[PDB]
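Every chain is numbered from 1 and lettered A, B, ... according to where its sequence line falls, protein lines coming before strand lines. Just so you know, these numbers use all the heavy atoms, side chains as well, and skip hydrogens, waters and symmetry mates.
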Amino acid sequence: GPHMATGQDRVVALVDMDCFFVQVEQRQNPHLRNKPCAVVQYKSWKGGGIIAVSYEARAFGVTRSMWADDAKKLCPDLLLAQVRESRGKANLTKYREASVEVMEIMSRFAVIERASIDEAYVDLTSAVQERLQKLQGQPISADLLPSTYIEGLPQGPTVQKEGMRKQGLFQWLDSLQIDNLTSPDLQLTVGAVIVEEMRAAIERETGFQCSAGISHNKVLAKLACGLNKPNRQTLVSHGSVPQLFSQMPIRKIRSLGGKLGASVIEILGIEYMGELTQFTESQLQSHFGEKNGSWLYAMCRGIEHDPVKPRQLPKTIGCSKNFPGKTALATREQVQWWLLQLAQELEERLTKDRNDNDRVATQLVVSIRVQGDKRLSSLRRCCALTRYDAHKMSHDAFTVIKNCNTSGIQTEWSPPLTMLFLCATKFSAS
DNA sequence: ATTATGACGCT
DNA sequence: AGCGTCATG
Ligand SMILES: [Mn+2]
Ligand SMILES: [Mn+2]
Ligand SMILES: [Mn+2]
């Protein structure tokens, strides 16, 4: 009882931009705004592959990983924006720069961990303590939470979405103990006030809408963020976890959407996250390993300790291109030309990174795939990265992979290469 | 013939 | 170090 640490020490938010690449394109081209539209890379094969979908287009069943020609079958008036192509390959610079815009606004409120191009975690514990000592027991008006959902409410003893949102929020605010500066539910509520302000600032200063989740840790904040998209935020309290998890498929939790989650389901004979509570920590550790087992044991009770890392910048900068089927690289000149294209984009991004962020990469990683290998990477080799020069890094990459060519002929390349990847890593301050 | 990344765990 | 897993704009 008095010693069961309930993992309610922190206030953590996850902010995720709605249909990010689509919003970037809609800001640039007002003709795309408030329309079914999607962002595609390339065009010749099946109209290009969709990587981002506006909510209007999602209503027609358009999804990521769909070919545009097929999406057009579902949504004949779908509008498409194409990713820029530079040096023969997709170039995602516009979206990376847009991401930096959003990350810089978020960093004004608290330290953030960049989790992806369009999302960051926020540790709001200290900002909440500050805002609470500023409020001085004053209760929290529903007017401060105009886009917040309280997960699990309304409950107990109107038929429109906004009406139910407001009913649930009213139930939450009425149950609140606004005099206790250490109540976790109050702390989450103030956290949600701050996140409303953060999201207002992002939209005001960039044009971009986002959603957010507010809870006591990263996994719950991410899950909460997904519950009411687009353009809304969701508070998942510690108390909401049992009901939320009682019907929550195991795969919906970050880290469990793959092989490990499938093995939880098959080994334990369960479907939902809440069913995990019936196993001891040792049982879970026996099946899934010591770390995963401790993590599952705590996570199914709403508890997770992974910190919000103070890291706004990516740890690696990389360039990759697939060469499927008939496009696979089968000559030395081909392989060298594409290594040079990738290296030229890498050099440009690295030089910008050095100027902006006062750091230099020191390791170059070269990864390839060979035709007929089921794995995404067939080979991975590192070498020193001592100079930001594309000709040098492409020669070095070729030097470290050239021994994969089983062709006795030095001109041909066999088996042909279906992917090239260059990645700069191990940054140092300079 | 979803493609282009980026993080992190394992050994 | 190099490999595998997970995430997905
Ligand atoms: Mn998003
Ligand atoms: Mn995201
Ligand atoms: Mn998505």
Side-chain angles (χ1 to χ4, degrees), chain A residues 16-25 38-54 62-71 81-86 89-96 98-99 102 113-119 121 208 218-219 222 226 251-263 288-292 295 306 309 311 313-328 342 345-346 349 363-369 371 373-384 400-401 418-426:
Chain A
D16 182 274
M17 315 304 301
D18 306 323
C19 55
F20 189 47
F21 292 20
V22 164
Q23 286 200 90
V24 174
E25 298 295 334
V39 174
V40 91
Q41 53 200 1
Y42 305 119
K43 202 81 188 92
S44 295
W45 182 272
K46 302 184 163 289
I50 288 175
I51 55 170
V53 187
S54 79
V62 182
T63 68
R64 100 169 247 284
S65 309
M66 200 169 270
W67 295 112
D69 286 350
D70 297 331
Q82 282 182 263
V83 165
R84 169 197 181 118
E85 270 168 69
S86 298
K89 66 179 293 297
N91 201 287
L92 305 177
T93 298
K94 187 198 302 181
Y95 316 106
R96 293 193 181 96
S99 176
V102 170
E113 177 182 344
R114 188 215 203 248
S116 85
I117 198 157
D118 92 313
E119 80 204 55
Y121 293 93
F208 301 146
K218 287 166 70 178
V219 167
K222 178 67 182 158
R251 70 185 173 272
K252 301 303 188 177
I253 278 79
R254 208 202 161 269
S255 92
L256 296 184
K259 283 166 189 219
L260 175 62
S263 70
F288 311 113
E290 173 196 281
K291 267 230 163 213
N292 286 333
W295 184 86
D306 189 36
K309 288 35 184 203
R311 191 180 64 247
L313 307 172
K315 282 175 146 110
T316 60
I317 293 185
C319 291
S320 72
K321 182 168 175 45
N322 293 349
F323 304 93
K326 322 307 146 79
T327 53
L342 284 184
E345 180 188 332
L346 191 53
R349 284 163 67 186
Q363 186 169 273
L364 183 72
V365 173
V366 190
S367 172
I368 63 187
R369 192 185 178 187
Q371 200 157 67
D373 197 320
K374 182 87 186 311
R375 305 170 292 170
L376 288 81
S377 166
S378 293
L379 179 123
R380 207 273 209 161
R381 295 285 198 261
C382 78
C383 64
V400 282
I401 82 175
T418 49
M419 171 282 285
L420 299 178
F421 185 12
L422 292 186
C423 185
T425 70
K426 302 159 55 163

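- Judged by distance alone, the side chain of A:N91 and the main-chain N or O of A:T93 form a donor-acceptor pair under 3.5 Å.
- The closest donor-acceptor contact from the side chain of A:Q23 to the backbone of A:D18 lies under 3.5 Å.
- Within 4.0 Å (heavy atoms only), A:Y95 reaches no atom of the nucleic acid at all.
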- request: Apply side-chain contact (heavy atoms from CB on, under 4.5 Å) to the pair A:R254 and A:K218, showing each step before the final yes or no.
  value: CA-CA 9 Å; A:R254 208 202 161 269; A:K218 287 166 70 178; over 6 Å; no

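- Distance check: A:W295 CH2 to A:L256 CG gives 4.5 Å after rounding to the nearest 0.5 Å.
- Atom CZ of A:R251 is separated from atom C1' of C:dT5 by 18 Å (rounded to the nearest Å).
- Looking at heavy atoms from C-beta onward, A:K89 lies in side-chain contact with A:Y42 at the 4.5 angstrom threshold.
- Atom CD1 in A:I253 sits roughly 15 Å away from atom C1' in C:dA7 (whole-Å rounding).
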Whether each nucleotide of nucleotides 4-11 of chain B has a protein heavy atom under 4.0 Å at its base (B), only at its sugar-phosphate (S) or at neither (-) is summarised, 5' to 3', as SBSSS---

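- Side chain of A:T316 to backbone of A:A424: no donor-acceptor contact under 3.5 angstrom is found.
- Taking atom P on both B:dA1 and C:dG9, the two are 25 Å apart, rounded to the nearest angstrom.
- Atom P of nucleotide C:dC6 and atom NZ of A:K252 are separated by 16 Å, given to the nearest angstrom.
- What separates CH2 of A:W45 from P of B:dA1 is a distance of 8 Å, to the nearest Å.
- Remark: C1' of C:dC3 and CZ of A:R381 are 11 Å apart, rounded to the nearest angstrom.
- Distance, A:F21 CZ to C:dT8 P: 14 Å, rounded to whole Å.
- When rounded to the nearest whole Å, the span between CZ of A:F288 and P of C:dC6 equals 13 Å.
- Atom CG in A:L364 sits about 12 Å away from atom P in C:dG2, given to the nearest Å.
- For A:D16, taking side-chain heavy atoms from C-beta onward, the closest of the listed nucleotides B:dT2, C:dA1, C:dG9 is C:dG9.
- Every residue two or more places apart in sequence or in another chain was checked for a side-chain hydrogen bond (donor to acceptor under 3.5 Å, both in side chains) with A:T63, and none qualifies.
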